[PDB]
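Protein chains in written order, with the deposited numbering: chain E, 8 to 161, 167 to 408; chain F, 8 to 161, 167 to 408; chain A, 8 to 161, 167 to 408; chain B, 8 to 161, 167 to 408.
C-beta: ideal position from N, C-alpha, C; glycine also.
One structure is given below, encoded as structure tokens.
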Ligand SMILES: CC(=O)SCCNC(=O)CCNC(=O)[C@H](O)C(C)(C)COP(=O)(O)OP(=O)(O)OC[C@H]1O[C@@H](n2cnc3c(N)ncnc32)[C@H](O)[C@@H]1OP(=O)(O)O
Ligand SMILES: CC(=O)SCCNC(=O)CCNC(=O)[C@H](O)C(C)(C)COP(=O)(O)OP(=O)(O)OC[C@H]1O[C@@H](n2cnc3c(N)ncnc32)[C@H](O)[C@@H]1OP(=O)(O)O
Ligand SMILES: CC(=O)SCCNC(=O)CCNC(=O)[C@H](O)C(C)(C)COP(=O)(O)OP(=O)(O)OC[C@H]1O[C@@H](n2cnc3c(N)ncnc32)[C@H](O)[C@@H]1OP(=O)(O)O
Ligand SMILES: CC(=O)SCCNC(=O)CCNC(=O)[C@H](O)C(C)(C)COP(=O)(O)OP(=O)(O)OC[C@H]1O[C@@H](n2cnc3c(N)ncnc32)[C@H](O)[C@@H]1OP(=O)(O)O
């Protein structure tokens with residue numbers, strides 16, 4: 008009756024239909040490249056309603072091969088789930104759960120240590136062992152009142173057309189994503205897609221003008237309806253001077269009232285200004301989500317805080333076994349075991365901690381991670397913290 | 008021309024006038040008590056147009072004796088600036104600056120370690136040495152979709173008339189403030205104020221109600237116009253079990269479409285729900301600001317992370333002296349010095365970093381605090397962190 | 008523990024709290040009159056948390072002696088549920104279900120053929136055997152353009173002070189409710205209340221005025237905020253001429269832009285105007301709900317369309333026994349039986365038909381009332397219609 | 008002075024100017040086809056300013072050949088007026104009255120028993136003998152709270173590209189319109205237009221997708237700006253089951269918050285849900301308007317309610333002559349008479365009653381329909397009713 012499998016040339020039309028209705032943003036021409044370019048052999052799956060070539064496609068999901076920067080500037084190959092969809096005619100038949108379990112096994116066999124996604128909704132993926140792992144705050148600062156603090160660092169920047177500086181953006185982005193927990197390698201095909209979206213579209217987005225610095229850039233587009241608002245689609249800075257030079261320039265768009273940007277909680281913008289309130293937060297939400305596929309691999313992969321002295325504990329993941337984890341001198345040793353578990357937690361929660369965006373003590377407060385040793389809490393809080401604040405790279 | 012000095016009895020009326028026209032929330036009857044029983048003798052100063060008694064009151068500013076909890080569960084006597092006002096007629100004449108110079112002087116003399124306030128605007132007090140020290144998050148939660156996580160702790169709480177449980181509120185409050193950095197001793201005169209406010213005002217706010225658990229409580233008043241919005245004026249809890257029980261009951265306001273609360277960034281509410289987002293962040297702003305009056309006094313009083321290995325640096329506060337600072341064992345020694353400064357900052361930067369609500373590394377990136385050692389940045393971040401996350405008490 | 012009982016004197020306060028925290032419209036002094044003068048001995052019920060006197064009140068519900076005009080102008084004493092509440096701390100533990108079961112046992116033993124309520128939400132009382140039985144249409148008319156048709160009937169009306177003409181209103185309202193299915197007799201305590209609400213409340217509703225006509229009246233008041241909107245709280249007309257006369261005068265309120273009223277689907281107001289669209293439906297929702305307590309009594313009490321030819325059938329009510337139903341000469345005869353059921357439905361469906369507001373054929377398309385014979389659908393459609401279209405009396 | 012005549016080939020441009028400047032939705036290319044294809048030679052007329060080829064077009068109006076289904080599954084040839092426009096520079100000189108009189112004579116002279124239109128404004132066509140004959144209810148349903156009742160009927169339907177199933181749709185819509193009062197025959201040239209209007213348009217509507225059942229279908233698209241809102245363009249169902257299963261699917265659009273749709277008052281959606289309120293009515297207005305050209309032909313053409321007993325009366329239509337109307341066994345005999353009229357009414361009232369969308373009892377309360385005999389009034393309500401509730405086909 009219902010089949011779950013890797014597509015063949017026959018399901019393509021099924022997937023194309025399902026994808027278009029399901030994703031408002033999605034279109035056929037732009038989409039064809041992404042999948043060919045970023046999806047491994049059998050990192051894609053479809054649910055067929057029956058059997059026979061041409062059997063209707065009622066579910067799809069696939070993962071891309073991407074490189075994630077975790078704390079300590081390590082890069083972990085990462086499975087990135089995307090284009091997850093069930094047809095509206097088949098809701099609640101276990102199809103999403105089935106598709107994830109299949110994808111997870113393949114990722115596990117492929118030797119990925121983590122998986123990742125951006126959630127359409129907040130309540131879906133926790134059950135499949137994804138915890139939210141970065142935070143995205145919409146930023147809008149009125150530009151009419153902003154003055155830079157006397158301390159702020161800093167003309168060393170140029171207004172340019174984006175299509176004429178792709179190479180510069182690429183270099184800059186590559187340095188940045190290698191330095192920031194959350195960075196993702198952006199392959200040529202996504203520069204293509206990102207680059208094209210700069211050109212104005214009839215009935216859609218306006219032309220986008222870049223701000224270019226040797227160690228940073230910013231792409232910004234005037235809003236479609238509110239002609240007094242500028243939207244920064246992306247800002248990349250490797251140094252604090254470029255970050256501040258770019259902001260002085262954005263603040264400099266005198267024909268604008270407001271500037272808005274998606275950014276991280278540790279963005280220093282507020283502090284560059286005389287009135288930190290001007291860089292107001294207008295939206296707060298989860299960004300990238302992580303699933304730890306291989307506990308030992310994942311915990312040994314990432315660097316830890318040096319500023320916490322050596323300690324040892326047994327961590328138990330609900331129905332993922334037990335682990336002896338040792339962290340000292342910024343490194344971890346994690347191996348399976350059978351000793352009593354000093355601390356226990358669902359798999360999704362471990363993800364939430366993996367990058368440093370969530371403190372273990374808060375989750376503890378919500379009974380999402382348990383233990384009887386208050387001292388161990390503080391140590392994990394400390395250990396798992398990121399020296400460099402986590403940043404979100406691009407949605408996928 | 009004009010004249011700065013302590014207010015006599017003849018100056019009262021004039022001040023109330025100035026206050027009512029400066030602060031839309033002011034009231035003549037309600038304040039007389041808080042100002043009178045909480046403002047120390049000669050804690051209040053005014054500026055008069057010319058001389059000869061009863062001169063027109065044009066500037067005013069006073070402070071209150073309050074006890075602030077800081078990291079390590081230590082209470083510091085604190086001076087809380089309030090009813091700072093210059094008349095519309097005398098703006099930008101240095102009255103605010105002069106009134107500040109005067110009170111800081113008195114405050115220094117009188118033996119206060121530091122002075123705190125709440126800021127009407129965002130770019131007034133930094134120059135005077137105040138730095139934003141805690142963060143306010145408005146959470147707006149859609150009650151209808153909320154569902155508690157299986158991990159969530161939890167009937168032990170009863171819907172009560174606030175004026176009937178003063179004692180149990182007060183005791184609960186006392187437990188909370190002695191445990192939460194940012195906690196404030198609540199004066200009896202302020203329990204009066206709060207108890208009185210619960211009553212419905214014709215055309216004003218509606219009656220408040222309370223939810224009472226042995227180890228926590230909540231006051232909530234239905235909003236004046238959105239009859240589908242319950243506003244929580246104050247949520248107080250001392251155990252994870254109370255925090256959750258109270259929320260299980262807030263989500264149980266079935267007639268409400270949403271619940272709103274002013275809380276702190278580390279509030280575990282979101283993690284208690286199967287959907288993290290439902291606890292949407294709506295309004296974000298700075299709350300309690302700190303002016304460190306005595307650097308060694310303050311720095312030595314607060315406890316520090318044990319999970320950071322002992323270390324030594326030389327801190328220079330601009331206009332704040334130079335001290336050799338050493339942290340180890342959760343304690344700090346701070347002693348004058350003329351060695352080269354390894355790290356410098358404006359005085360306000362010290363205050364923001366004092367409760368742990370800001371990371372030294374983020375401020376560094378705005379060049380608000382500067383150093384050439386990166387390992388030290390990390391050490392500060394870790395040292396100044398707070399095992400217990402900072403919470404805000406009550407505006408004043 | 009959880010005790011379910013008729014409220015004693017010791018409970019009154021417990022209820023005032025539970026009511027005020029449950030219904031924003033609640034007032035203690037005024038509501039005290041209705042339970043006392045309209046609720047039968049043991050027509051009220053409360054749930055107490057535990058044992059001891061003055062235990063806390065965590066659920067409440069009561070039923071007032073309701074007189075109802077059903078089709079045929081027949082008046083049936085009916086139990087009207089009101090002030091149903093379960094505390095937010097005790098929601099989902101079966102208290103509503105428990106309070107209902109009990110009141111129902113009381114209502115049946117007392118002889119009431121049927122029960123009625125107004126539902127706070129739409130998904131509650133179906134499972135208890137109440138169906139939405141009347142429709143409310145909120146009508147907003149932009150009178151700046153309203154012109155009367157040449158056929159519209161019609167200064168035989170007067171502008172009056174409502175509190176000077178209570179008796180005229182009682183007499184008028186008396187004739188009206190005896191004639192219209194949906195009428196309820198309005199007792200003296202309720203007229204006290206209605207008249208009381210006509211006076212201005214500081215920070216509340218403005219003074220109400222009345223339009224008085226020999227065969228009808230309208231009470232209306234200018235809206236609190238929108239000074240160009242008139243709210244008619246009540247319009248009662250015995251004659252088509254009264255209805256038109258009243259609206260002529262309301263369209264005559266030259267200082268208003270809109271007039272709004274809550275009325276029924278067959279209100280002929282639109283057809284009085286040269287442009288039907290001017291009476292725009294700005295709100296539609298279920299109104300009175302009916303639970304048939306005694307199927308034979310209720311069915312025999314109600315009038316039925318004379319035009320439809322006589323006929324017999326056997327109607328089953330889901331777990332409510334089977335029933336021989338004969339309709340002829342606009343009358344019914346209905347007695348328990350054991351014949352095969354020709355038609356069947358959940359008790360609440362019957363409620364929805366009882367007053368002609370919902371077609372048998374419509375309910376059947378949703379499989380809510382089930383029959384193997386089509387002819388019988390159409391016969392039920394014809395029969396249960398009401399010559400006079402059902403209107404809504406007052407909310408309770 | 009001015010002239011009224013049939014449009015020659017030289018008037019085509021002027022007509023496109025007038026049409027385009029009087030209708031915001033008008034497009035020259037799409038329209039070309041319907042008028043030539045659907046407008047009969049001579050079914051169109053224009054008014055000119057002056058004489059001499061080239062004169063400017065200041066008035067147009069035409070009719071199309073339509074097939075309307077009326078009670079009894081009977082299909083009347085009908086005349087549909089559309090593209091009625093007087094230039095803003097000639098408003099109020101009688102051009103419409105002049106254009107209507109001419110069209111009506113041609114329409115009668117050609118042997119149509121009934122003309123129909125959609126009214127741009129509600130106070131325009133009544134004077135010309137047209138009366139509102141169907142009702143449109145705009146229903147917005149929040150998808151998230153919707154749960155199907157345990158009784159509801161119902167994977168038997170699938171998500172498809174509309175242009176790949178023209179035949180399946182043509183079939184279904186064909187069975188629909190033959191069964192439902194209000195049905196229209198859809199011309200191949202209009203299926204052309206419907207299919208084309210399904211492709212996305214830059215700055216316009218988004219791609220339409222469809223839901224396809226053996227016995228029904230639904231075309232929907234996500235809204236232009238409201239990305240959480242799904243507009244159903246048209247919904248066709250011939251079985252209750254289809255109607256349900258299609259609604260089971262639209263509710264299955266999880267990415268959406270709201271589905272909206274235009275339908276009729278007797279839509280059973282709400283009764284499919286656990287909460288009838290979820291099927292909120294957000295708009296309600298008259299749809300198809302009818303003018304009975306030929307009283308006997310029309311009254312003898314449509315089937316009547318069987319469940320009313322044979323009866324007789326005298327029906328007098330102002331300006332429409334007098335008739336002995338006799339209804340027996342669901343059929344009507346209507347013949348010329350000079351006997352005393354038992355009931356009188358304007359031509360448009362008869363329009364309104366014709367498809368069963370309005371009750372005579374209600375139009376009588378407006379004194380639009382007049383009789384001294386209430387029993388007679390009940391008999392008309394009963395007889396004119398429809399076994400199948402009337403729905404609206406398409407706007408023309
Ligand atoms: C961009 C990315 O690819 S990530 C964003 C996801 N993409 C989309 O959501 C596209 C549109 N929406 C959909 O396609 C569907 O709603 C899907 C794919 C999310 C759901 O698939 P389904 O087959 O209906 O879910 P499935 O029944 O397999 O899941 C089972 C459980 O998940 C739950 N579930 C499914 N959707 C949701 C939801 N939106 N919120 C909470 N729980 C959910 C079910 O309640 C069920 O509960 P259970 O664990 O007790 O069994
Ligand atoms: C609850 C509490 O009491 S805290 C909130 C304070 N109360 C109020 O704001 C009441 C209404 N507003 C006011 O009373 C006035 O605006 C005050 C008291 C805040 C300002 O006093 P003033 O005398 O007008 O300012 P003054 O000239 O003395 O201050 C000097 C400096 O502060 C700066 N300053 C004063 N107000 C502001 C402001 N709103 N934003 C930024 N800078 C400001 C001046 O620009 C000036 O800058 P400078 O250092 O380069 O010279
Ligand atoms: C003016 C009047 O008095 S009439 C309007 C009703 N009064 C109110 O709503 C007052 C404010 N709200 C409340 O007091 C509560 O939410 C109540 C009284 C509606 C609910 O009572 P509760 O005791 O919490 O629910 P209870 O457990 O008794 O009900 C049982 C069933 O009804 C259902 N139910 C209760 N409330 C709702 C609701 N708002 N919507 C849908 N279903 C509901 C439950 O789902 C439960 O379902 P189940 O059969 O699967 O177990
Ligand atoms: C989709 C369709 O094709 S059907 C809908 C019609 N289309 C449009 O209306 C498009 C834009 N509007 C117009 O073109 C014009 O307003 C028209 C065509 C409706 C009116 O034509 P006119 O030539 O100005 O009116 P005309 O003088 O011929 O009609 C006479 C009477 O009708 C009345 N009338 C005309 N328009 C209206 C109106 N919008 N509302 C009420 N009455 C009107 C006049 O009052 C006039 O009064 P009277 O009965 O006392 O004599």
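Could you spell out where the alpha helix (DSSP H) holding residue i opens and where it closes?
| i | result |
| --- | --- |
| residue 232 of chain E | Premise fails: residue 232 of chain E lies in the beta strand (DSSP E), 228-234, not in any alpha helix (DSSP H). |
| residue 38 of chain A | 35-45 |
| residue 348 of chain E | Element bounds for residue 348 of chain E: not the alpha helix (DSSP H) but the beta strand (DSSP E), 343-348. |
Run the proximity test for residue i: is its beta-carbon closer than 7 angstroms to any non-hydrogen atom belonging to ligand 1?
| i | result |
| --- | --- |
| residue 53 of chain E | no |
| residue 303 of chain E | no |
| residue 162 of chain B | You won't find residue 162 of chain B in this model, because chain B goes from 161 right to 167. |
Since residue i and residue j should fall inside the 8 angstroms C-beta cutoff, what is the C-beta to C-beta distance between them, to a whole number of angstroms?
| i | j | result |
| --- | --- | --- |
| residue 330 of chain A | residue 356 of chain A | 7 angstroms |
| residue 232 of chain E | residue 180 of chain E | Residue 232 of chain E to residue 180 of chain E, Cβ: 16 angstroms. No contact. |
Please find out if some non-hydrogen atom of ligand 3 comes closer than 7 angstroms to the beta-carbon of residue i.
| i | result |
| --- | --- |
| residue 298 of chain A | no |
| residue 235 of chain B | no |
Determine the extent of the beta strand (DSSP E) in which residue i is found, giving its start and end residues.
| i | result |
| --- | --- |
| residue 403 of chain F | Where residue 403 of chain F is concerned, there is no enclosing beta strand (DSSP E), given that its DSSP letter is neither H nor E. |
| residue 304 of chain F | 300-304 |
| residue 95 of chain E | No beta strand (DSSP E) holds residue 95 of chain E; DSSP gives it neither H nor E. |
Does ligand 2 have even one heavy atom less than 7 angstroms from the beta-carbon of residue i?
| i | result |
| --- | --- |
| residue 281 of chain B | no |
| residue 34 of chain F | no |
| residue 131 of chain F | yes |
Please confirm whether any heavy atom of ligand 4 lies closer than 7 angstroms to the CB of residue i.
| i | result |
| --- | --- |
| residue 91 of chain B | yes |
The region 201-235 of chain F: which residues have C-beta closer than 8 angstroms to a C-beta of chain A, in chain order?
-> Listed by position, the residues of the region 201-235 of chain F near chain A (Cβ gap below 8 angstroms) are 214, 215, 216, 218, 219, 221, 223, 234.
Pick out the complete beta strand (DSSP E) segments inside the region 210-295 of chain F, 3 residues or longer, and give them in chain order.
-> Runs of the beta strand (DSSP E) inside the region 210-295 of chain F: 220-225, 228-234, 241-249, 270-275.
Interfacial residues, the region 312-341 of chain B to chain A, with Cβ spacing under 9 angstroms = For the region 312-341 of chain B, which is checked against every Cβ of chain A, the residues closer than 9 angstroms are 317, 318, 319, 320, 321, 323.
At a Cβ cut of 7 angstroms, what residues of the region 69-103 of chain E count as close to chain B, listed as they run along the chain?
-> Against chain B - using a Cβ distance shorter than 7 angstroms - the residues of the region 69-103 of chain E are 94, 95, 96, 97, 98.
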